[PDB]
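**Q** An experimental structure, sequence included, is below.
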Amino acid sequence: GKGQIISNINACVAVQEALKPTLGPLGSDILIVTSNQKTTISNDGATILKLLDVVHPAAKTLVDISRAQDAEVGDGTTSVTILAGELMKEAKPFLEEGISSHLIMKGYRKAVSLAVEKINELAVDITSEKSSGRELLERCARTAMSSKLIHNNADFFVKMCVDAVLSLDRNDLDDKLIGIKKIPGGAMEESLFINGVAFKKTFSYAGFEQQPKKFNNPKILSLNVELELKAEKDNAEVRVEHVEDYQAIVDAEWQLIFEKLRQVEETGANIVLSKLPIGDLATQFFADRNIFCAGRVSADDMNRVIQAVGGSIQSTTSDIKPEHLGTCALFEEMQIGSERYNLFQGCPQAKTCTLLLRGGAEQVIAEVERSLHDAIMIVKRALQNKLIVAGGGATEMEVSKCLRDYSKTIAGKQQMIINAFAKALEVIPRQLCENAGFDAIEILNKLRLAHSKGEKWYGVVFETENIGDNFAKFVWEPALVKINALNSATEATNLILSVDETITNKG
Amino acid sequence: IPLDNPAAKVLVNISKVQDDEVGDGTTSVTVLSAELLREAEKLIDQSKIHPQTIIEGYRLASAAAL
Amino acid sequence: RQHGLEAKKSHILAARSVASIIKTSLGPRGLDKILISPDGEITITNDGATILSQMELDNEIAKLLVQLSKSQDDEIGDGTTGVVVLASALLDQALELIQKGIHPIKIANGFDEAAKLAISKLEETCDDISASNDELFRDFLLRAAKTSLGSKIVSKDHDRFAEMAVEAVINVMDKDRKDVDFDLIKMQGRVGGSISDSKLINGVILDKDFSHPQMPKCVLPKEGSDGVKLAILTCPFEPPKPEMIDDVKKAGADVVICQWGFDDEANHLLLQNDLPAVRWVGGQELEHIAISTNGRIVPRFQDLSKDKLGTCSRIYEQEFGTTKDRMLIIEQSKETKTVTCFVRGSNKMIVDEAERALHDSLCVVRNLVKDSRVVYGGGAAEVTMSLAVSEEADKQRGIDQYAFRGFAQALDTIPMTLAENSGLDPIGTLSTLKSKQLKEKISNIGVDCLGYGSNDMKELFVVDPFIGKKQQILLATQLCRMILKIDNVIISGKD
């Protein structure tokens, strides 16, 4: 009956309430404690909903639709749930009045169909008009970096961010291809950009002062087995009773390891990397041959080495082929932060890069690293899609405006339903002002003043509270996000309103 | 005697110093230390100030006693 | 679950009750606590890092104090109790603004702008160390550990431990980067002996009994050979399960070091050649062996040469006190890249208290070299920063006008806490420090927790690092923001 429908309304509001403070770059962050007892803090709606694992069917629908928003698009996972859940509150008083939810869901199909048509009209394709090649991507990075602690140092940060995208093919871009390694301690403005891949360098064992940071053309080869002979698991027991035989029964094992020398020595690989920690056995002979070795390397950073110089992983040292080797242009190692950092530079075949970040504390860089990810998506989608729309409240207000005029010509219950859907579009700009500190009541009244003057581009300024146009604020958003957000929010809402009774079997 | 009081476990470790260093008058140390707590309890509840100031007064009084 | 109503009120009360535990332990007069380990050992110390690390609790707000305190020991180490008390002051002042309708992010952003303006105020009133004199800088290093150790029995021998930290930091830290590595500082101590036998060693200790007693206690020069060469082998030296003697003399390795043990008849071959062997060595101890002596790890006897092998002064055995372990000393005589802290004591608790106090003493030396400009602490820095922000609050209009007033009143918590922990009227003392810095002249006069001759610590040459105090106020604002930025609490159950 209608009792379970009302219970599904509050279930969507409870999930929406957690994602309200996380909307926007200046929004608040949520703290969720996983069963693994690991602290996870993120403002992105995808990761938030994936860690909740809610048993409620309607609340899980908002979680499942967030994965579809992150798959086909990857941006707007927080706003798609807030918009989908807002329809549950607007349709709550309509159920008590006798209006069925089926006519409410029917009005959304006609409202979204007319809204998508208005998105293409607001999207203007511009590339070389009033813009250059270098200054195009630089002005987009300063938008997401505004109202942040890095705003003073953002001059040096944009130059390193643009070079990360240009270092890869503009046809295929991925945010996972750009790596970031946090460096505790040091000045923020002293960070540099690296063309190759780097790792954390957790190797604490001795044999330092050699393998200098200056290399010419080192050869890279992947390693599988362990170089050390120490057996961690198995063992053996053999004992003799002869007194004079105690001499040589302590002696010879490592001579068997010499069998793997000539195979590796004739290869000439100057870089030794593996997914297992390198032992304490030989740190020297490699340095005599100008061969470098680094142990305790994570498995995630080993896959980037294969895509860099074109290496390969072989189990033994016998069948290793000579053409699997690769070399970089230059090597660099920095001791800043009381820790050595190994990084490769000048790899022409590298499909990945690494950007180092420095700061006062580790928690300070965590806010800088995540604030950069929002700027990378704006720079990445600029070259991929040439159709962009004005964001920051601009597009969200006009989509709700056109539905008010078109509803006047429509007769029946669909008039108040489209007007309710248009009113439901005001939750997106609301939380953006409340999370940024601005009063949502005063802006909502003042923004609708110039919004009726015939200009559809008026947005909301995120720096200083005021009404105006985001065109001067350099706030750009792609058209694929606004189109897929209305379809994903409506489809997820139609499935919840179409289920009157919830049945859960235990077993 | 097993003592569940975490404050009483410290007194046991303190009394072991007198046995190892000398080993005479171990009981007299605990009796005299218990009387110091009786006077210190009346000084706190009537003050509620950190006892470290009162501790400094014991060092000046112990020098005159020696 | 609480959002937008009882969340802001509960986070302030939860963080205040936890921070109120260590408020009484702040300063040299602060009171200790009795901690009980799960193994049955009782630990008593005045360091806030030990107390906060032993806390196991499910409260999501108090977990930020443990994660932040881990990075404070490496960077500074003195920001354990001070930052937590200062962070609680910003939360108490923010609670009154929530009821007045002030947005929480404006409170978070208000403390950031107030902290940046207060740093520039101390830049004008700070004084120079090296510009005053060279030997006055060393006098600060000698009395650096005296303040923290003045409340302990160690304060009698403190003059001996003062010269140990002066030469240890110069070797590990270069004037270019001016950084000290924690992994290069070997802290080792044992039970027994006294604190007067502690010596400053330029290299790894590596306690060894020299295996069979026939081996000599000293390493021969081997016909004027250069230094003493060592060999580190972690290979499982063992029988032949499913040549070398001729290549050993070519390299000239004097001693062999291994992670595991040896047989009795195995060391008899190297005994006639005067080549001692070392067994039973931990994995972490091998790090300081090659770095201090500039040695290497032998890949093999065939390809090993004499060029890159390290050379030290000598290796001899020196008994320490009445301990029957018969430890040894390995010296260098040349500047190394690492040092080894040697601490002894007659009690297990005295050793643990002396090792942690030396850790904070080594970080102060790094801060004095990295930043020559310093300010006078002990309550004088917080009062000076209070009058600077409160005076500029009237010149700055808008919402940030009240954010500067609450930030100035929050800085007064530390000198009042030091006044409460000193057994004096916190309000009556705070009004005195503000009156001396205005009508008379601008100076630094702090609250004395320990009994001294008079006020004006500048006469007593009591100095604190400015960058050390600057790192504390930055972590306090960073911690206060992360608390206000979390309006929700979500936790699962226990099955």
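**A** Ah, there it is. Numbers count the residues shown, from 1 in each chain, chains lettered A, B, ... in the order given.

**Q** alpha carbons only for contacts and neighbour counts from here, please
**A** OK.

**Q** got the contact list for the residue nearest the centre of chain B?
**A** Taking C-alpha atoms, centre = their mean, the centroid of chain B lies closest to residue B:33, which sits 3.8 Å from it. With contact taken as C-alpha atoms under 8 Å, 6 or more residues apart in numbering or on different chains, residue B:33 is in contact with no other residue.

**Q** So which bits of chain C are right by chain B?
**A** When proximity is defined by C-alpha under 8 Å from any C-alpha of the partner chain, chain C lies next to chain B at C:29, C:31, C:421, C:422, C:423.

**Q** so after the helix or strand where the residue nearest to the centre of chain B lies, what's the next helix or strand?
**A** Element membership of residue B:33 [criterion: DSSP states H and E] is helix B:26-45. Downstream of helix B:26-45, the next assigned helix or strand under DSSP H and E is helix B:52-65.

**Q** For that next one, buried residues please.
**A** Going by neighbour count (16 or more other C-alpha atoms under 10 Å in any protein chain shown), the buried part of helix B:52-65 is residue B:52.

**Q** does chain C sit close to it?
**A** Yes - counting by C-alpha under 8 Å from any C-alpha, chain C has neighbours in helix B:52-65: B:52, B:53.

**Q** Determine the set of other helices and strands touching that helix.
**A** Taking 3 or more C-alpha pairs under 8 Å, 6 or more residues apart in numbering or on different chains; DSSP states H and E as contact, there are no helices or strands that helix B:52-65 lies on.

**Q** and the angle from it to helix B:26-45?
**A** For helix B:52-65 against helix B:26-45, the angle by axes from the mean of the first three to the mean of the last three C-alpha atoms, to 10 degrees is 130 degrees.

**Q** ok, residues contacting helix B:52-65?
**A** Counting by C-alpha under 8 Å, 6+ apart, C:29, C:31, C:423 sit against helix B:52-65.

**Q** now swap in stretch A:329-338 and tell me
**A** Stretch A:329-338 has contacts (C-alpha under 8 Å, 6+ apart) with A:183-186, A:212-217, A:340-347, C:177, C:179-182.

**Q** rerun at 6 Å
**A** Contact with stretch A:329-338 is made by A:184-185, A:213-215, A:340-346, C:181, as judged by C-alpha atoms under 6 Å, 6 or more residues apart in numbering or on different chains.

**Q** mind listing which of those are in strands?
**A** A:341, A:342, A:343, A:344, A:345 (DSSP state E).

**Q** partners of the first one in the sheet?
**A** With DSSP bridges applied, the residues forming beta bridges to residue A:341 are residue A:334.

**Q** Okay, it and residue A:179: tell me how far apart.
**A** For residue A:341, the distance to residue A:179 (C-alpha to C-alpha, to the nearest Å) stands at 14 Å.

**Q** do the last one as well
**A** Relative to residue A:179, residue A:345 is positioned 14 Å away (C-alpha to C-alpha).

**Q** Identify the residue nearest the residue in the stretch 351-500 of chain A that chain C sits nearest to in space, chain neighbours excluded?
**A** For the stretch 351-500 of chain A, the residue closest to chain C is residue A:437, as judged by C-alpha to the nearest C-alpha, at 5.7 Å. Ranked by C-alpha to C-alpha, 6 or more residues apart in numbering or on different chains and with sequence neighbours excluded, the top spatial neighbour of residue A:437 is residue C:103, at 5.7 Å.

**Q** What of residue C:248?
**A** residue C:301 (6.1 Å).

**Q** where does the stretch 51-200 of chain C come near chain A, residue by residue?
**A** Residues of the stretch 51-200 of chain C lying close to chain A by C-alpha under 6 Å from any C-alpha of the partner chain are C:103, C:181.

**Q** now the strands for the stretch 51-200 of chain C?
**A** Using DSSP state E, counting those that start in this stretch, the strands of the stretch 51-200 of chain C run over C:127-128, C:185-191.

**Q** what lines up beside the longest one in the sheet?
**A** Put plainly, it is strand C:185-191. strand C:339-345 (parallel).

**Q** next one: the first one
**A** Each strand that pairs with strand C:127-128, with its direction, by DSSP bridges: strand C:373-374 (antiparallel).

**Q** buried stuff in the helix or strand following the strand it pairs with?
**A** Next along the chain after strand C:373-374, taking DSSP H and E as the criterion, comes helix C:380-393. Buried residues in helix C:380-393, defined by neighbour count with 16+ other C-alpha under 10 Å: C:380-390, C:392-393.

**Q** and what of stretch A:365-384?
**A** Neighbour-count burial for stretch A:365-384 [16+ other C-alpha under 10 Å]: A:365, A:368-369, A:371-372, A:374-383.

**Q** Could you do stretch A:456-463 as well?
**A** Within stretch A:456-463, the residues that count as buried by 16+ other C-alpha under 10 Å are A:456, A:457, A:458, A:459, A:460, A:461, A:462.

**Q** from the residues you listed, which is closest to chain B?
**A** Closest to chain B out of the buried residues of stretch A:456-463 is residue A:462 (51.4 Å), distances taken as C-alpha to the nearest C-alpha.

**Q** Return the distance of stretch A:351-360 from the chain's centre.
**A** Chain-centre distance of stretch A:351-360: 14 Å, with C-alpha atoms, centre = their mean, to the nearest Å.

**Q** For residue A:183, see how far away the closest residue to chain B within chain C is.
**A** Nearest residue of chain C to chain B: residue C:423, at 6.1 Å (C-alpha to the nearest C-alpha). Look at residue C:423 and residue A:183: by C-alpha to C-alpha, they are 43 Å apart.

**Q** what's around the residue nearest to residue B:51 when sequence neighbours are not counted, how many residues?
**A** Leaving aside its sequence neighbours, residue B:51 sits nearest to residue B:44 (C-alpha to C-alpha, 6+ apart; 7.2 Å). Residue B:44: 13 surrounding residues under other C-alpha atoms under 10 Å in any protein chain shown.

**Q** Next, find the distance separating residue B:44 from residue C:252.
**A** Distance from residue B:44 to residue C:252, by C-alpha to C-alpha: 71 Å.

**Q** repeat for residue C:385
**A** Look at residue C:385 and residue C:252: by C-alpha to C-alpha, they are 63 Å apart.

**Q** got it, and residue C:282?
**A** 25 Å.

**Q** neighbour count winner among those two?
**A** Set side by side, residue C:282 and residue C:252 show more neighbours around residue C:252, with 20 against 12, by other C-alpha under 10 Å.

**Q** What does residue C:464 show for phi and psi?
**A** phi -130, psi 150 (degrees, to the nearest 10).

**Q** what about residue A:349, which SS state?
**A** What DSSP: H, G, I helix; E, B strand; the rest coil gives for residue A:349 is coil.

**Q** Show the contacting residues for it.
**A** Residue A:349 sits next to A:308, A:309 when contact means C-alpha under 6 Å, 6+ apart.

**Q** returning to that earlier point: distance to residue A:468 and secondary structure added to the buried residues of stretch A:456-463, as a markdown table?
**A** Shown next, in a markdown table, are the buried residues of stretch A:456-463 (distance: C-alpha to C-alpha, whole Å; DSSP: H, G, I helix; E, B strand; the rest coil):
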| residue | distance to residue A:468 | secondary structure |
| --- | --- | --- |
| A:456 | 11 | coil |
| A:457 | 9 | coil |
| A:458 | 5 | strand |
| A:459 | 6 | strand |
| A:460 | 6 | strand |
| A:461 | 7 | coil |
| A:462 | 11 | coil |
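
**Q** what separates residue C:165 from residue C:191, distance-wise?
**A** As for residue C:165, its distance to residue C:191 is 22 Å (criterion: C-alpha to C-alpha).

**Q** for residue A:363, same thing?
**A** Counting by C-alpha to C-alpha - residue A:363 and residue C:191 are separated by 38 Å.
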